[PDB]
Amino acid sequence: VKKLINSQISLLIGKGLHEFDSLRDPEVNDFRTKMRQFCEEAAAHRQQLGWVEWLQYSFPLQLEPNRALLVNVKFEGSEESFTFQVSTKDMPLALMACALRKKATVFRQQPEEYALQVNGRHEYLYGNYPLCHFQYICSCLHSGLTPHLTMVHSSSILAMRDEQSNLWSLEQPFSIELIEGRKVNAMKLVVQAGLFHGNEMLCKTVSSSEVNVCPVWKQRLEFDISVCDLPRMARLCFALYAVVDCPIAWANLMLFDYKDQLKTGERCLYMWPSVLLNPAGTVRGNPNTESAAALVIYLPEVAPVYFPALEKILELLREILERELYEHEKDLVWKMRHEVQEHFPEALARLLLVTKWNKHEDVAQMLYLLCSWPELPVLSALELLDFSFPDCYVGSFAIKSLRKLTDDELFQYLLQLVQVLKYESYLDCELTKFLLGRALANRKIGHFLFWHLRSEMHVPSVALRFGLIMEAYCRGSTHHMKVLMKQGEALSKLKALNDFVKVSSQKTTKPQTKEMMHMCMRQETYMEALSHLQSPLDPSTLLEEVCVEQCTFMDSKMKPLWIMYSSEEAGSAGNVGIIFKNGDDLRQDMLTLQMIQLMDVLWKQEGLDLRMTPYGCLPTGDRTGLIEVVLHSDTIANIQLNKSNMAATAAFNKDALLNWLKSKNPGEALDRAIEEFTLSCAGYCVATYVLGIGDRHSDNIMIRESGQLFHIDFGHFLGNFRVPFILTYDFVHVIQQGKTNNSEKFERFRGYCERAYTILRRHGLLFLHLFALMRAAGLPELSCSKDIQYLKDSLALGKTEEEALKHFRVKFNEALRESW
Ligand SMILES: CN(C)S(=O)(=O)n1cc(-c2nc(-c3nc(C4(c5ccccc5)CC4)n(C)n3)cnc2N)cn1
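Below, the structure written as structure tokens:
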């Protein structure tokens, strides 16, 4: 029975569970036993949750960050629907009451026993919120479409739930013995070593003797640090390089084990290929024992030595600087450490960075303060997750403060909280426990954590950790694992179909490839596999029947697939599409869209909706991911082609954009589209300036028929070809209602840019903490300090709001002066 569940996890996580046993590692084995138990306890509490608490799990409320409307409501066991005239200020309960009252008159004879499902979607409408607070209601309000909802009784929700049940004495200096190696390079081999506590050295780097390219050393490597002065999270970093300078390989390893004991004696280090000394890199060796270079080293015995328990640890001009600092300034903060705890709690990061981690006496005093430190705000806790703060006690304190994250906030920073797992030193961590816990408490987080892990199973350095986490997750939800398997089955078929599409395009005409895509899709295995699955881009979006005749592929290099769906129940909300792309890395594209989505959220909170189109984009595997189709939209380029026998017949190229709008928004409807275009253009002007998105042209900027402008292809960001502000006459013409001179409309638009820019600037540090946590991903255009600096400069965070708004107008006018 459980053998199949074991076999299913294996196929789903892309790694056989036998591989975890083969290693014969007590860290892997104890992670698996503990996590499985923690995950089963989380699945248990979930099986005894009240029917509303289950809705908050399976279907978490999609709520937005007066005027009456028509709402079509039906029940389960019938096709009979009723169309009401409810208000946007109405709670769902009142609508639930009307549905029950109108059911009573039809059937000739309580709303607290119901939930309003969104037709053909895993989304529901419940809670003490007026209808206009629900994202589905607002999407129906702007598009003028009618909300189709189903009355789902408590027992029918409980049916779902039931059918888804599962020490100070060692004063000697720290030393090692560098024995021999087994590598490849064409010169002499020097092995530089070093001791690290995060980004910083605990003592000066000590090198090896230049031994011939042919390698044996047997050398003694002593460090400028005491054995009792090694912090718990001490990292020993190595670097193999050839010289007559050229790097070869790198390896790191913790001086303490997962059981807190100091490591002894012989250790073989399967090194990772190099591009100086890399302290950020993984403390687990290269899994390719066949082609990897090795480093045998000795950890000399000093006897069993365990790091002291917290009980033994606990037993042992100021304001003007608190807004990169000199040694006298550092000494001040450490002297004033108690006054920091008491009156400046948010300064903890600056106090943690000044403490001497190379002295056990210092660390303990700091830890005594930390154990009595008040909870920091979410923003302050997000800063503490960086590699800059490696201490376990610090790491735990950050999670302790992060527990007040709303499931909404957690979903906005999950990509960063997953990347941060790469910085980890051991498999068993409070971050994993947290991520897993929240994943098992909320299925949307459960879904997205999985895909963020699964999309990296091909990267050897993180394959064990991630594979292990996904396995632990799968223990806490047998049902969801089965649902995630259907997603993997669709994606498996999609890659095979794409592979054919790629070959056929190199051999025949497009209508010929398109018809055989269809033939291949119409097969039993493809028809079943690609149908009735929760979208990997949004688990609430149900990709029901695959609309094969409406499926094509794109002419761009990697021949992306256009997969259109339809649902009877959902009707028009069921008419959804997904773009499968295979060959490019969708990580930056996703991060950029997420950063845009956040900007929209920060703006929407301050009552400003700049009509942004933050379409889904999710990497699912090796250079494989999905893109959300923005239906009823086309590229500026295609609209500018100006085809004959159309309604968009333009005399001048400038008119093409506005003529297009005029045909898609007839009569009075056009006035709306121009405000849509102005608001979205303003938003994307700021977004792309702040983020530094370059290589913009008509082929990667799109328009919705609604008027809404948006951007695609974010392969380049942070000015990586200092990019200027962007302004095109084709857009200014549209903003100015199609008139040569209309400054009333243009100066209102100049306001939209300024306001959006100032709101973002107020959360500059949020973008700074999120990007600094992202560095863990290994994104080539987000690899160092120079990259974070682009954001610091585009957001002018080292200047006041007045000095920044003037400096912005300067960039805005120079973008307007370049506009023809
Ligand atoms: C740069 N890329 C190719 S991409 O990076 O793959 N990418 C596409 C998107 C994307 N596109 C569209 C869209 N595109 C087309 C068009 C079309 C469709 C089908 C066959 C041939 C042409 C180009 C007319 N329409 C009509 N819609 C919608 N929502 C998206 N989210 C985002 N990123």
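With the entry's author numbering as the guide, the letters of the sequence shown map in order to residues 109 to 173, 187 to 230, 235 to 291, 316 to 335, 339 to 366, 369 to 398, 415 to 445, 452 to 479, 482 to 494, 511 to 517, 522 to 919, 929 to 1027. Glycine included, each C-beta is placed from N, C-alpha and C at the ideal position.
CB-CB length for residue i against residue j, believed under 8 Å
i           : j      : result
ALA240      : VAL194 : 12 Å between Cβ atoms; not a contact.
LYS642      : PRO168 : 5 Å
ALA871      : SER904 : 6 Å
residue 312 : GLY674 : This model leaves out residue 312; its place in the chain lies between 291 and 316, and no residues are given there.
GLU172      : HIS267 : About 11 Å; that fails the 8 Å criterion.
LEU759      : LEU692 : 6 Å
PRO812      : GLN795 : 4 Å
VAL459      : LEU423 : 5 Å
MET810      : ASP798 : 4 Å
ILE473      : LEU568 : Actually they do not touch by this definition, with Cβ atoms about 33 Å apart.
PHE323      : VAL381 : 5 Å
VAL616      : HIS645 : That belief does not hold up - the Cβ atoms of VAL616 and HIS645 are roughly 13 Å apart, past 8 Å.
Best match in the options for proximity to residue i [C-alpha to C-alpha]
i       : options                            : result
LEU735  : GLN260, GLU826 and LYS332          : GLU826
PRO817  : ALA768, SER653 and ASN836          : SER653
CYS438  : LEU550, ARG331, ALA470 and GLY1005 : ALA470
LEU1004 : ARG968, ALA1022 and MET981         : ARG968
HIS976  : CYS960, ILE995 and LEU986          : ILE995
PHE128  : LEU625, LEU731, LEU550 and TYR959  : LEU625
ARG374  : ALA345, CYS627, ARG386 and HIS656  : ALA345
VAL657  : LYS123, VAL207, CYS672 and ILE117  : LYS123
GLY814  : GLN431, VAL1017 and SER733         : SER733
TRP159  : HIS278, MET683 and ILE942          : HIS278
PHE203  : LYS210, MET212, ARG188 and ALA225  : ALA225
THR723  : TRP162, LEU695 and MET981          : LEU695
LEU1002 : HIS940, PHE908, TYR887 and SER281  : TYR887
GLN145  : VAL538, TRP858, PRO486 and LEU634  : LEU634
Short Cβ contact (9 Å threshold) for residue i with residue j
i           : j      : result
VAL370      : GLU329 : yes
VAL358      : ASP383 : no
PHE587      : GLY350 : yes
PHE751      : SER703 : yes
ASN244      : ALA768 : yes
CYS265      : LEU214 : no
residue 446 : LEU582 : Here the chain is numbered 445 followed immediately by 452, so the structure offers no position for residue 446.
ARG222      : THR739 : no
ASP897      : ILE834 : yes
residue 481 : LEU546 : The model of the chain omits the segment between 479 and 482, and residue 481 is among the residues lacking coordinates.
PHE932      : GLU988 : no
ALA562      : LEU619 : no
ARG286      : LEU157 : yes
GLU743      : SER770 : no
Cβ neighbours of residue i in the same chain (closer than 6 Å, five flanking residues each side left out)
i           : result
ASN291      : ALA151 and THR676
residue 519 : Between 517 and 522 in the chain the model has nothing, and residue 519 is one of the residues in that span.
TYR621      : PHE585 and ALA983
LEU216      : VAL207
Residue i: CB within 8 Å of a non-hydrogen atom of ligand 1
i      : result
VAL381 : no
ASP893 : no
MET900 : yes
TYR813 : yes
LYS779 : yes
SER754 : yes
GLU903 : no
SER990 : no
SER831 : yes
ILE761 : no
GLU436 : no
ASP937 : no
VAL744 : no
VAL774 : no
Residue i CB to nearest heavy atom of ligand 3 below 8 Å
i      : result
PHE751 : This structure simply doesn't include ligand 3; it includes ligand 1 instead.
Own chain partners of residue i with C-beta closer than 7 Å, once the 5 adjacent residues on each side are dropped
i       : result
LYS433  : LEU425, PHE426, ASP427 and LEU475
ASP560  : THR553 and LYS554
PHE348  : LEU354, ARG389, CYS391 and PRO455
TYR440  : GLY461, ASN462, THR465, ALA468 and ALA470
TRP1027 : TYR936
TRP420  : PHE392, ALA393, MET441, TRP442, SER444, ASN454 and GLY457
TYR591  : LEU565 and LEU568
Contact set for residue i: own chain, Cβ-Cβ below 8 Å, skip 5 residues either direction
i      : result
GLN944 : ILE872 and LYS952
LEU986 : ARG785, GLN786 and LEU789
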